[PDB]
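A.B. asks:
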Amino acid sequence: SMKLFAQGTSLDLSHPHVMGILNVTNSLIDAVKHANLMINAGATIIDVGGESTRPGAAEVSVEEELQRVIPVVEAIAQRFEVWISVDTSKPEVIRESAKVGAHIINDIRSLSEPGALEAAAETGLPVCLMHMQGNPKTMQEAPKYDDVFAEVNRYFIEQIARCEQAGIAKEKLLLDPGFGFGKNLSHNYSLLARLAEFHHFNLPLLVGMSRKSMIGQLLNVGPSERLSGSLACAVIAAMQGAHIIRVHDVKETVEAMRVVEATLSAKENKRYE
Amino acid sequence: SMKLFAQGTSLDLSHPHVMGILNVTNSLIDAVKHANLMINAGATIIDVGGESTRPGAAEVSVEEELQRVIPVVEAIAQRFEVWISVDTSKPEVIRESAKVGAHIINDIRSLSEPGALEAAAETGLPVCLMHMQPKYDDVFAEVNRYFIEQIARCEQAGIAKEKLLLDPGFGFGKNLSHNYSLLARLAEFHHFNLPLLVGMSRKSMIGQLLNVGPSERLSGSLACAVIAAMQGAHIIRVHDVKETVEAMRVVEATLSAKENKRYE
Ligand SMILES: Nc1nc2[nH]c(SCc3ccccc3F)nc2c(=O)[nH]1
Ligand SMILES: Nc1nc2[nH]c(SCc3ccccc3F)nc2c(=O)[nH]1
Numbered sequence: 000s001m002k003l004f005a006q007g008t009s010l011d012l013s014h015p016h017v018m019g020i021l022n023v024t035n036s037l038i039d040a041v042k043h044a045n046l047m048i049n050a051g052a053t054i055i056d057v058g059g060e061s062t063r064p065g066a067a068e069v070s071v072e073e074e075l076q077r078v079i080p081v082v083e084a085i086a087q088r089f090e091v092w093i094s095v096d097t098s099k100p101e102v103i104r105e106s107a108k109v110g111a112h113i114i115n116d117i118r119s120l121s122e123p124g125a126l127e128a129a130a131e132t133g134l135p136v137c138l139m140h141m142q143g144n145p146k147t148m149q150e151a152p153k154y155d156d157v158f159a160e161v162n163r164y165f166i167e168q169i170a171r172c173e174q175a176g177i178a179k180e181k182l183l184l185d186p187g188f189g190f191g192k193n194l195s196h197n198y199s200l201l202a203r204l205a206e207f208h209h210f211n212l213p214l215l216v217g218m219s220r221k222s223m224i225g226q227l228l229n230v231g232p233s234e235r236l237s238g239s240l241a242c243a244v245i246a247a248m249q250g251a252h253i254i255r256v257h258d259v260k261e262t263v264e265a266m267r268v269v270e271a272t273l274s275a276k277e278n279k280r281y282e
Numbered sequence: 000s001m002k003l004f005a006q007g008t009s010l011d012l013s014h015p016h017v018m019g020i021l022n023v024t035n036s037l038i039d040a041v042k043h044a045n046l047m048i049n050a051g052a053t054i055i056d057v058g059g060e061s062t063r064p065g066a067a068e069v070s071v072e073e074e075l076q077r078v079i080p081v082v083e084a085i086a087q088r089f090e091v092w093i094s095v096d097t098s099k100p101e102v103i104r105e106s107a108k109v110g111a112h113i114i115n116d117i118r119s120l121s122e123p124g125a126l127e128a129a130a131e132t133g134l135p136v137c138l139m140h141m142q152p153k154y155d156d157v158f159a160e161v162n163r164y165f166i167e168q169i170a171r172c173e174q175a176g177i178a179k180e181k182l183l184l185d186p187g188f189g190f191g192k193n194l195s196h197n198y199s200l201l202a203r204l205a206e207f208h209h210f211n212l213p214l215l216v217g218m219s220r221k222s223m224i225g226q227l228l229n230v231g232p233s234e235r236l237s238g239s240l241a242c243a244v245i246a247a248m249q250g251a252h253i254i255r256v257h258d259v260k261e262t263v264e265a266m267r268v269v270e271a272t273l274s275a276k277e278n279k280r281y282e
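If you read the protein sequences in the order shown, they are chains B and A. Read in order, the letters of the first sequence are residues 0 to 24, 35 to 282 in the entry's author numbering. Read in order, the letters of the second sequence are residues 0 to 24, 35 to 142, 152 to 282 in the entry's author numbering.
1) Mind checking who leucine 214 (chain B) pairs with in its DSSP beta bridge?
2) Rounded to the nearest angstrom, what separates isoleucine 224 (chain B) and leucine 240 (chain A) at their Cα positions?
3) In chain order, what residues have a CB nearer than 6 Å to some heavy atom of ligand 1?
4) Any beta carbon of chain B sitting closer than 9 Å to that of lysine 153 (chain A)?
5) At a cut of 8 Å, does the region 161-171 of chain B reach the region 143-152 of chain B through at least three beta carbon pairs?
6) Could you please give the first and the last residue of the uninterrupted alpha helix (DSSP H) stretch that includes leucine 138 (chain A)?
7) Please list the terminal residues of the continuous beta strand (DSSP E) segment that includes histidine 16 (chain A).
8) According to DSSP, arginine 255 (chain B) sits in a beta bridge with which residue or residues?
9) Where are the beta strand (DSSP E) runs, 3 residues long or more, that stay fully inside the region 86-139 of chain B, in chain order?
10) Does the region 53-61 of chain B come into contact with the region 14-21 of chain B, if we say contact requires no fewer than three beta-carbon pairs (one atom in each stretch) closer than 8 Å?
11) Step through the CB atoms of chain B and report whether any lies within less than 9 Å of the CB of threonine 97 (chain A).
12) Taking Cβ-Cβ distances shorter than 7 Å, what residues in chain A pair up with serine 199 (chain B)?
13) Taking the runs of the alpha helix (DSSP H) that are 4 residues or longer, which of them lie wholly in the region 190-248 of chain A?
14) Is there a Cβ of chain A sitting closer than 9 Å to that of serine 237 (chain B), yes or no?
15) For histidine 140 (chain B), is the classification buried or exposed, using 16 other Cβ atoms within 10 angstroms of its Cβ as the cut-off for buried?
16) Strictly below 7 Å CB to CB, what residues from chain B border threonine 272 (chain A)?
17) Are the beta-carbon atoms of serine 222 (chain B) and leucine 194 (chain B) separated by less than 9 Å?
18) Could you spell out where the alpha helix (DSSP H) holding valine 161 (chain A) opens and where it closes?
19) So, using beta-carbon positions, are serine 233 (chain B) and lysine 260 (chain A) closer together than 9 Å?
20) If you measure from the CB of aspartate 56 (chain A), is any heavy atom of ligand 2 nearer than 8 Å?
21) Classify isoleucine 177 (chain A) as helix, strand or coil using the three-state DSSP reduction.
22) Verify the CB distance criterion: does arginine 267 (chain A) have a CB-CB separation below 9 Å to chain B?
23) Excluding five sequence neighbours on each side, which residues of the same chain lie with their C-beta closer than 8 Å to the C-beta of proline 123 (chain A)?
24) So, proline 15 (chain A) versus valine 269 (chain A), is the Cβ gap smaller than 9 Å?
25) Cβ of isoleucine 224 (chain B) less than 9 Å from any chain A Cβ?
26) In the region 126-147 of chain B, which residues sit with their C-beta less than 8 Å from some C-beta in chain A, listed in chain order?
27) Could you check what DSSP says for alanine 52 (chain B) in three-state terms: helix, strand or coil?
28) Quick one: what's got a C-beta closer than 7 Å to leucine 75 (chain A)'s C-beta in the same chain, skipping five residues either side?
29) Between the alpha carbons of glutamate 83 (chain A) and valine 91 (chain A), how many angstroms are there, rounded?
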């Protein structure tokens, strides 16, 4: 019965959804063709991102981010029924994205930028809170935790409170442990192994492992050879009741999720732990 | 901690193993070549079958099955360290397979043919017991009862419980619903304290769910493998070894980080 509400429609999270990655970091036409392919392959959310969130990434000006993101969000919202998430940290991109039809604010920085928290609250949209240690320029230099699960859990307690106190209701929130965002290989797998334990907040869990270093470093291969590992990650997360799976390879992930759904439907508990 | 012993070597079941499918139904050279490819992709067991096990595959005589199966088992045992599973129901093939180096007797009929039970016992080899019957009142309970019965039948014939493996038999007299019920509850079969072997690769339980043909089932096959392996399944029987081994390494990294070392 978990549901999100945005832009006059709803997203029913009684089964896992696949979120397709639309990286915008002729551009507009190609972006829209890619969205269309992902929607046809079964993605029910498209994640539009105009600033690199990779280790070492450089900042993008607000004017450049607006130019990359807003025309894409608008074009998708006008042509398809799919939900649209916006991968942004900037109050102006948040505001302007919501005006042209975006459904979810998916900020790697959990609205930490000046004015972001107020901008998000003003839109009334769902907000995903993600854990990152440090920032993208520093996060992978030397990630360190005494207990990564406890520290991510504590972060979620603190950020939920921060959001509620700004007037964003608990029911609008999603949580994401932020695979690859200030974590070494062992930290990532600790979080994946214990993912179901984050259900105590009674909030949707969003995860993104597709073609990430936690697969590449395990298998010692480049990004192009990570699909089997990516599907394994997706299935592991979805078997533990993760609600949204953020991926590059939509068709394959959707097929894997249908198998997970068939399995969970046969189960009494409806989850693994 | 679980281990099997055969032909002077051992199989460490503390982590999942991928078993590659070698159907043998210059054919010898091609079979060795395919075994080589699967071993280089990380398979640690090869399942050699001489009479196909598909729903209505043609039955073959003992002489034909020996001619097809024994040279392949022999060639692999001479050339590789990999374990060799033989898919047969005939006592003669069980016997002769053991003599040329097979490690596991994998009989879809659970040694129900005349003399098969005795032949298997004489070899001293590990034996896989598979459920095959679609109608059930409670499919898990029916499969669980069958294991209890076959375990006892084996022990009574002098086959130590420690030589046995259990397989719920995905796709063997089971509809879509029954197959997913057994997959959902697979971890409950650990109460026997025996190895669990599963084979879902490219099966109807994927094909019918997704509405795709047999060459378009890789993603669903990998999902099934992962679901089984996260529940502590010990051996995963597959067509697509490279991809399954990669998925199993992710499963292993996850289980190594977990307190339980499995999901239920
Ligand atoms: N919510 C959410 N948004 C995201 N955006 C990115 S991309 C940068 C990236 C970072 C680290 C490793 C590989 C990468 F590709 N990853 C996520 C995620 O896991 N969750
Ligand atoms: N132990 C064990 N041995 C096996 N041999 C086969 S091939 C049959 C087969 C192939 C294709 C479609 C349907 C089928 F029934 N499947 C298994 C298994 O699931 N477990």
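Ideal placement from N, C-alpha and C gives every residue a C-beta, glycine not left out.
C.D. replies: Checking against the coordinates, here is how it stands:
1) B:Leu184
2) 15 Å
3) B:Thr62, B:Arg63, B:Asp96, B:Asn115, B:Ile117, B:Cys137, B:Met139, B:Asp185, B:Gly187, B:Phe188, B:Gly189, B:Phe190, B:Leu215, B:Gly217, B:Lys221, B:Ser222, B:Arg255
4) no
5) no
6) Careful: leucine 138 (chain A) lies outside any alpha helix (DSSP H), inside the beta strand (DSSP E) at 136-139.
7) 16-22
8) B:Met18
9) 92-96, 113-116, 136-139
10) yes
11) no
12) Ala275
13) 194-202, 222-228, 236-248
14) yes
15) buried
16) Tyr198, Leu201, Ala202, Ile245
17) yes
18) 157-174
19) no
20) yes
21) coil
22) yes
23) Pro100
24) yes
25) yes
26) none
27) coil
28) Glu101, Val102, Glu105
29) 12 Å
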